[PDB]
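Novice:
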Amino acid sequence: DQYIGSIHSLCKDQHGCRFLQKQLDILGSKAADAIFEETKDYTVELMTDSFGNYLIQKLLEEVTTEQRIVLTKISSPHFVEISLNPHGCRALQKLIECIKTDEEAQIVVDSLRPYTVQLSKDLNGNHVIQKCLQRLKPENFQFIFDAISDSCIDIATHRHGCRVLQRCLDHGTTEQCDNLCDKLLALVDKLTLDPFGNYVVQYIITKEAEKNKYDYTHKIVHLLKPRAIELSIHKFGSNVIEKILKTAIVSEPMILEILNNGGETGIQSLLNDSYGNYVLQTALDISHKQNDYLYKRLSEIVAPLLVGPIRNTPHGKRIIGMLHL
RNA sequence: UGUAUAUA
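562 is the number of the first residue of the first sequence in PDB author numbering; add one for each residue after it.
#1: For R724, which residues in the same chain have their Cβ closer than 8 Å to its Cβ, ignoring the five residues on either side in sequence?
#2: Just how far apart, CA to CA, sit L832 and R879?
#3: Thinking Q763 and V801 are a contact (beta carbons under 8 Å), I'd like their distance in whole angstroms, please.
#4: With H, G and I counted as helix, E and B as strand and the rest as coil, what does DSSP make of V761?
#5: Run through DSSP, which three-state label would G827 get?
#6: Which word fits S812, buried or exposed, when buried means at least 16 other C-beta atoms lie within 10 angstroms of its C-beta?
#7: Applying the criterion that 16 or more other CB atoms from any shown protein chain within 10 Å of the CB defines a buried residue, is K857 buried or exposed?
#8: Should the stretch 753 to 760 be regarded as contacting the stretch 784 to 800, the criterion being three or more beta carbon pairs within less than 8 Å?
#9: In whole angstroms, give me the CA-to-CA distance for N838 and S644.
#10: Going by alpha carbons, who is nearest to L745 out of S793, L632, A717 and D853?
#11: Given this structure, state the Cα-to-Cα distance separating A592 from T609, to the nearest angstrom.
#12: For residue 944 and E665, I'd like the C-alpha separation in whole angstroms.
#13: Spatial neighbours of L806 within its chain, please: C-beta separation below 8 Å, excluding the five flanking residues on both sides.
#14: Just the Cα atoms here: how many angstroms apart are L632 and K661?
#15: Under a three-way DSSP split, which group does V631 fall into?
This is the structure in structure tokens:
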């Protein structure tokens with residue numbers, strides 16, 4: 562039954578600022594009504610605060626629906642300056658973790674919508690667009706899927722915007738995830754080579770093979786394989802190709818591409834180059850385990866090219882370990 | 001020997 566207003570100005574410490582929280586941990590069924598009707602005026606710069614967001618974060622766990630909606634309405638006109646902030650994003654993230662109504666949600670989506678692309682590129686913005694994916698219903702977060710679908714290639718090829726795409730494939734709809742993948746698959750040339758998008762391509766495959774249910778993986782391979790050698794020596798592509806190798810339902814046809822079309826030449830290229838090198842080692846490693854004979858047929862066009870300085874290098878030393886297993 | 005993300 563304690564005391565003290567003035568709460569507000571405790572919000573400048575980290576101590577009297579971690580105190581208001583000490584106060585609600587052991588409370589505040591009726592105390593977070595106080596704090597509320599007080600701080601409800603500084604919520605925006607409390608959110609963007611180095612210690613203020615903490616109180617806020619916890620304050621929305623404790624507060625009532627009516628009170629959470631009020632805050633949402635107070636912060637809606639500023640979600641952008643909030644999203645782009647180190648602490649703000651973490652307060653705003655929690656906000657979304659708590660929204661329990663198809664109004665709270667329906668308010669956030671109008672506020673975030675005009676700025677979806679923008680916000681997913683931001684170092685701090687993505688983690689909030691990402692959280693809309695995690696916590697919101699699919700009918701709700703639809704706006705994101707549409708925002709992205711439009712700027713498919715730059716969100717896909719973007720330090721930050723790409724992680725968003727992955728998180729869509731993690732939480733979207735078989736309908737949603739599909740129209741997106743039809744947009745992504747039309748650029749898998751550019752996407753496999755890119756330093757970021759080549760992670761997206763791998764994800765598709767990563768995710769289907771969680772489901773054990775393959776639709777795009779095949780379509781991806783059908784488009785790629787023809788250019789197997791070329792991509793195995795490419796700095797980024799060589800990682801997509803290694804993915805396919807590691808993906809059981811596609812290994813063999815890919816290994817067969819290298820044998821068939823990677824000539825005895827194409828395998829020379831794999832041997833000497835800084836990227837192909839690893840492809841070739843993955844090929845040997847798998848086929849050994851995967852296919853009695855493919856290993857053999859391949860492990861024999863290798864054996865004879867391992868002469869000279871090559872036997873010395875880091876990569877040659879490793880390649881030979883593969884050969885008699 | 002070869003690729004990407006955030007608070008006291």
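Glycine included, each C-beta is placed from N, C-alpha and C at the ideal position.
Specialist: Walking through what the data contain:
#1: Along the first sequence, one-based indexing puts residue 724 at 163. Annotation for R724: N687 and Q691 place their beta carbon closer than 8 Å to its own, counting only its chain and skipping 5 residues before and after.
#2: By one-based count along the first sequence, residue 832 stands at place 271. By one-based count along the first sequence, residue 879 stands at place 318. Straight through space, the alpha carbons of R879 and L832 are spaced by roughly 11 Å.
#3: Position 202 of the first sequence, counting from 1, holds the residue named residue 763. Position 240 of the first sequence, counting from 1, holds the residue named residue 801. About 6 Å separates the CB atoms of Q763 and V801; that is less than 8 Å, so the two are in contact.
#4: Counted from its first residue, the first sequence places residue 761 at position 200. Helix at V761.
#5: By one-based count along the first sequence, residue 827 stands at place 266. The answer is helix: DSSP assigns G827 an H, G or I state.
#6: Looking up residue 812 in the first sequence gives position 251. Per the 10 Å Cβ criterion, buried.
#7: Within the first sequence, the letter at position 296 stands for residue 857. The residue in question, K857, is exposed, as its Cβ has fewer than 16 Cβ neighbours within 10 Å.
#8: Touching, per the Cβ criterion.
#9: The count along the first sequence starts at 1 and reaches residue 838 at position 277. The count along the first sequence starts at 1 and reaches residue 644 at position 83. Roughly 43 Å separates the two Cα atoms.
#10: Taking the first residue of the first sequence as 1, we reach residue 745 at position 184. Considering only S793, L632, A717 and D853, the residue with the shortest C-alpha distance to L745 is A717.
#11: The residue you call residue 592 lines up with position 31 of the first sequence. The residue you call residue 609 lines up with position 48 of the first sequence. Our two residues, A592 and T609, have alpha carbons roughly 23 Å apart in a direct line.
#12: Within the shown structure, residues of the chain are numbered from 562 to 886, placing residue 944 beyond reach of any answer.
#13: The residue given as residue 806 occupies position 245 in the first sequence. Hits under 8 Å: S812, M815, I816, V840, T843, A844 and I847.
#14: Counting from 1 along the first sequence, the entry for residue 632 is found at position 71. Counting from 1 along the first sequence, the entry for residue 661 is found at position 100. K661 has its alpha-carbon roughly 14 Å from the corresponding atom of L632.
#15: As a working mapping, residue 631 is identified with position 70 in the first sequence. Reduced to three states, the DSSP call for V631 is helix.
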